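A.B. asks: Begin with these chain(s), straight out of the complex:
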Amino acid sequence: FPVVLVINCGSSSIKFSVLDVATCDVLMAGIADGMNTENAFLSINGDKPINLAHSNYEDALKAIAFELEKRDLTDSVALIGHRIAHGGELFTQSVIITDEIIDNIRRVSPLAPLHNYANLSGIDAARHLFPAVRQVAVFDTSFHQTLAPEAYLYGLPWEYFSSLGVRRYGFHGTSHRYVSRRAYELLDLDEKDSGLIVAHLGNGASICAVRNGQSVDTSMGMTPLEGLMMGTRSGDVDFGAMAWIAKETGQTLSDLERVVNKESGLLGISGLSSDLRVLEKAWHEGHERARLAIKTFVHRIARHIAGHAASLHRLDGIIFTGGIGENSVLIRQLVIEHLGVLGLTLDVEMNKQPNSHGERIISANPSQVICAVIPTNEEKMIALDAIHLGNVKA
């Protein structure tokens, strides 16, 4: 009974999961938080949170590996999946990790300095601790590589694209891809003759237009900062405004980068929280700035959904996913009502149902476009890629 070890090695943490090869069920999950600081702690699926003083990525993954030994799962690890944040233009699909792949990730690493160097550290660690195990790289950008130049070029001088690689890459590719496949089943659509809009909504939020199985437009850009307004991220912001603030307040680009990434968004407007649950209660309790933050959030999602629809020949489905897209009765209601122009009709009893109801259609029959909620499973999509690449003779 073989298993897959999925690793998301972030800048401050290491998210891991162990999935059974046969059924793709989660058998174990956890997180190693506070990475590189004096206080680094390992936590396993809600159980006892252990500790490690000033531990790096290699020893933290070794701590996780010790726990796989304890539950006799080490010998069963047949495949390892790595989430990589940025794959540049080089990666269009998931790959078996070799010396070539490592070099290529290093080549595109300047495009995401925070995310990617942590991913490489996770690769080296897993390579050290599991040398006889096939390892797979799954990229957040790869699904969006089917974008046409008209859809990925910025209006900048050509030089920036040709010599520096400045262009739209987009993210949540694993999720957008996973949720796309599930939508063809749920909505009984032909993949080769379909038009979908996936609204991945969480702490990070992005929209994707999936035409005939392929991503044709996405809301995030070169960095995860473009598009929708998010938890702490601003989203689409007038550069003229950003330059105006720079002169007026006397702030540098790196100061504003911090503000736009960690002090903005839902947090920025409300002045209260980046968490929707807190903000939803706040609005119910008559908080005005929380109402505005959520309304602006909703408005920018509706705008990007409708905008990405333009890249489709025909709109068959709108799919909600992510922590917010799966669990927010209100946000889904407000977004769909904001898109009445497209002929959407919501079924509120179906929209009331909690996420325990899993893959569910939330639109009424007279609606021109089917609306649904599909719980995203990024770990399953990584595992499925690994299992596929497990049959490959290298």
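C.D. replies: Now that the structure is in, tell me what you want to look at. Numbers count the residues shown, from 1 in each chain, chains lettered A, B, ... in the order given.

A.B. asks: right, and residue A:334 touches residue A:298 too?
C.D. replies: Yes - the criterion here is CB atoms under 8 Å, and residue A:334 meets it with residue A:298 at 4.4 Å. Using the backbone N, CA and C atoms, a C-beta is placed for each residue, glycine as well.

A.B. asks: What's the separation between residue A:226 and residue A:172?
C.D. replies: Distance of residue A:226 to residue A:172, computed by CB to CB, to the nearest Å: 13 Å.

A.B. asks: Show me what the helix or strand hosting residue A:209 is packed up against.
C.D. replies: Per DSSP states H and E: residue A:209 is located in strand A:205-211. Applying 3 or more CB pairs under 8 Å, 6 or more residues apart in numbering; DSSP states H and E, we find strand A:205-211 packed against helix A:173-186, strand A:195-201, strand A:214-218, helix A:288-309.

A.B. asks: List the residues that contact residue A:157.
C.D. replies: Shown in contact with residue A:157 (CB atoms under 8 Å, 6 or more residues apart in numbering): no residues.

A.B. asks: how much space between residue A:222 and residue A:339?
C.D. replies: 28 Å.

A.B. asks: and those two? which has more neighbours close in?
C.D. replies: When neighbours are counted by other CB atoms under 10 Å, residue A:222 and residue A:339 differ, and residue A:339 comes out ahead with 21 against 18.

A.B. asks: Pull the number of nearby residues for the nearest residue to the more buried one once chain neighbours are set aside.
C.D. replies: Nearest residue to residue A:339, sequence neighbours excluded (CB to CB, 6 or more residues apart in numbering): residue A:302, at 5.3 Å. Applying other CB under 10 Å, we find 20 residues neighbouring residue A:302.

A.B. asks: what's the spacing between residue A:302 and residue A:335?
C.D. replies: 5 Å.

A.B. asks: Residue A:96 now?
C.D. replies: Distance from residue A:96 to residue A:335, counting by CB to CB: 39 Å.

A.B. asks: So if I had to pick from these two, which one is more boxed in?
C.D. replies: Set residue A:96 next to residue A:335 and count neighbours by other CB under 10 Å: residue A:335 wins out with 25 against 16.

A.B. asks: who's in contact with that one?
C.D. replies: A:199, A:298, A:301, A:302, A:305, A:320.

A.B. asks: all helices of the stretch 51-200 of chain A, in order?
C.D. replies: A:57-70, A:99-108, A:113-129, A:149-152, A:158-162, A:173-186 (DSSP state H, counting those that start in this stretch).

A.B. asks: which of the ones you listed sits most buried?
C.D. replies: Ranked by mean neighbour count, the helices of the stretch 51-200 of chain A are led by helix A:173-186 with a mean of 23 (mean count of other CB atoms under 10 Å).

A.B. asks: can you give me how far it is from the chain middle?
C.D. replies: 13 Å (CA atoms, centre = their mean, to the nearest Å).

A.B. asks: same for that helix, what does it pack against?
C.D. replies: By 3+ CB pairs under 8 Å, 6+ apart, helix A:173-186 packs against strand A:134-139, strand A:195-201, strand A:205-211, strand A:214-218, strand A:317-321, helix A:378-389.

A.B. asks: what does that helix rub up against?
C.D. replies: Residues contacting helix A:173-186 (CB under 8 Å, 6+ apart): A:83, A:138-144, A:189-191, A:194, A:196, A:198, A:200, A:206, A:208, A:210, A:213, A:215, A:218, A:317, A:319, A:321-322, A:359, A:361, A:372, A:374, A:376-378, A:380-382.

A.B. asks: next one: stretch A:225-241
C.D. replies: A:168, A:201-207, A:218-221, A:224, A:260-268, A:274-275, A:296-297, A:300-301, A:304.

A.B. asks: Can you list the buried residues in that stretch?
C.D. replies: A:225, A:226, A:227, A:228, A:229, A:230, A:231, A:232, A:233, A:234, A:235, A:237 (16 or more other CB atoms under 10 Å).

A.B. asks: one more, chain B:
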Amino acid sequence: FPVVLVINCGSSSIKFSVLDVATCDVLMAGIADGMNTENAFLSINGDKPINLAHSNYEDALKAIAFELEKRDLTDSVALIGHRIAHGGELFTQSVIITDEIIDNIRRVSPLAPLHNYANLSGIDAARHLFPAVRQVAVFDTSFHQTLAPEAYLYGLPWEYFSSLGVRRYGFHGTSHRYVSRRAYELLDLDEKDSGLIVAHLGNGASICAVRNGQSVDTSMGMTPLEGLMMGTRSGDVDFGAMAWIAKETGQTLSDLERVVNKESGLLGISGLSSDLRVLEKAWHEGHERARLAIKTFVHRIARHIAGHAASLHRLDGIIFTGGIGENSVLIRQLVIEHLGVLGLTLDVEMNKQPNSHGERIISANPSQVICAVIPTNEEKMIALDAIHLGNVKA
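C.D. replies: With chain B now in place:
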């Protein structure tokens, strides 16, 4: 037979027009270019281009005033209209210019340092040369003041909006308003139950959603830099990308501001021209980068049109206007074809007709949304506001 003198006092030029009060026909037009430099020249509607060595806004407007004396039009100037670029939050409509209005324009002037201080210079000049004449201020921003907070707030910290005035203002308001009114007649729509998308397309380009007579969304932001890709302007650009370029190339915000405003857009991608006529011929002649510039241009327009449709309850019309929107058979074709998802059907024989055909519907009967071209007349809209305010007892 009274006349109206319309003045657009830009940073490098002074565009003027003389319109008859009764019919609103143009009787005289011209431009005073190269303002403040050693070489400043007055040109009148294609006729002999006179000169003036190192002339300021006051003397240049006096040169224009001398020509009004020559053609015996000075005594007939009953009203003067001023185009103002930025009216902040203070101006929701056109006003009779008084000491209060001047102060208020000065108050909001930091929001547009280039545009507004030139507008004030034009006001002072016209006040000096025509003291007994009623003068009117028409603002580029005022039509967009009906925007809801959800539509004008950025995802920045609240402080930037509350204390600094950072928010979406939008521009081309005079044009968007003018073209809106004309569309109700042409499309036989009830103003109070209508949904329009106006695509003002020129060297500067913006989209506006006009719901029930009011602007509810617009593509430009705090500055004219946000939204669509334009002639020399980039449009929507990932700030993360802008910050990345800053570190990599070693450029300041003011360097990048120049690049994004004057070296980007259609010029930036093609590396050839900001003019569409040149680029359209270039593509016909097999130029690849000109094809890409136009395709990216088209894609970003389609995306914003469809996006702004979300702010409408029902989409009755899409209206093209501006130098490009009025004269580009190709761009209109490519944009409408890019919006097939909305159920648009183009009539190509009707779309082939040149601008001499004026206000014209270009969509076929089976189309779900009426498409039209309405020639914009910003001078007429300024004159009509002035004539209205001419009946006002102050």
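
A.B. asks: now with chain B: the contacts of residue A:157?
C.D. replies: B:259, B:263, B:264, B:268, B:269, B:271 (CB atoms under 8 Å, 6 or more residues apart in numbering or on different chains).

A.B. asks: and if you look at residue A:64?
C.D. replies: For residue A:64, the contacting residues are A:14, A:16, A:30, A:32, A:42, by CB under 8 Å, 6+ apart.

A.B. asks: Just flag the most distant two among those.
C.D. replies: Distances among these were taken as CB to CB; the most separated pair is A:16 and A:42, at 9.8 Å.

A.B. asks: one step back: could you dump the contacts of residue A:157 into a markdown table and include neighbour count and secondary structure?
C.D. replies: Below are these laid out as a markdown table (neighbours: other CB atoms under 10 Å in any protein chain shown; DSSP: H, G, I helix; E, B strand; the rest coil):
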| residue | neighbour count | secondary structure |
| --- | --- | --- |
| B:259 | 20 | helix |
| B:263 | 17 | coil |
| B:264 | 27 | coil |
| B:268 | 29 | helix |
| B:269 | 28 | helix |
| B:271 | 13 | coil |
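
A.B. asks: Residue A:202 versus the residue nearest to the spatial centre of chain A, what's the distance?
C.D. replies: Centroid-nearest residue in chain A, with CA atoms, centre = their mean: residue A:172, separated by 3.2 Å. To residue A:202, residue A:172 is 9 Å away according to CB to CB.

A.B. asks: Please identify every residue contacting each of the two.
C.D. replies: Counting by CB under 8 Å, 6+ apart, the shared contacts of residue A:172 and residue A:202 are residue A:322.

A.B. asks: Can you list phi and psi of the residue lying farthest from the centre of chain A for me?
C.D. replies: Distance from the C-alpha centroid of chain A, by CA atoms, centre = their mean, peaks at residue A:248 (34.7 Å). Main-chain dihedrals, residue A:248, degrees, to the nearest 10: phi -80, psi -40.

A.B. asks: Now do the contacts for the residue lying closest to it once chain neighbours are set aside.
C.D. replies: With sequence-adjacent residues excluded and distances taken as CB to CB, 6 or more residues apart in numbering or on different chains, residue A:248 is closest to residue B:164, at 6.6 Å. By CB under 8 Å, 6+ apart, the contact set of residue B:164 is A:245, A:248, A:249.

A.B. asks: How many neighbouring residues does the closest residue to chain B within the stretch 51-200 of chain A have?
C.D. replies: Minimum separation of the stretch 51-200 of chain A from chain B (CB to the nearest CB) falls at residue A:155, amounting to 3.6 Å. Residues contacting residue A:155 under the criterion other CB atoms under 10 Å in any protein chain shown number 24.

A.B. asks: what's it in contact with, if anything?
C.D. replies: By CB under 8 Å, 6+ apart, residue A:155 lies in contact with B:229-230, B:233-237, B:264-266, B:268-269, B:296, B:300.

A.B. asks: Now the closest residue to residue A:54 other than its chain neighbours: phi and psi?
C.D. replies: In space, and not counting its chain neighbours, residue A:54 is closest to residue A:38: 5.2 Å by CB to CB, 6+ apart. In terms of degrees, to the nearest 10, the main-chain angles of residue A:38 are phi -60, psi -40.

A.B. asks: Tell me who's in contact with the residue lying closest to residue A:115 once chain neighbours are set aside.
C.D. replies: Among residues not flanking residue A:115 along the chain, residue A:85 sits closest, at 3.3 Å (CB to CB, 6+ apart). By CB under 8 Å, 6+ apart, the contact list for residue A:85 reads A:112, A:115, A:116, A:119, A:139, A:140, A:141, A:171.

A.B. asks: likewise residue A:337?
C.D. replies: residue A:346.

A.B. asks: what does residue A:36 give?
C.D. replies: Taking CB under 8 Å, 6+ apart, we find residue A:36 in contact with A:12, A:54, A:55, A:56.

A.B. asks: Nearest to residue A:326 among those?
C.D. replies: Closest to residue A:326, out of all of the contacts of residue A:36 and judged by CB to CB, is residue A:12, at 24.2 Å.

A.B. asks: Perfect, I'm done here.
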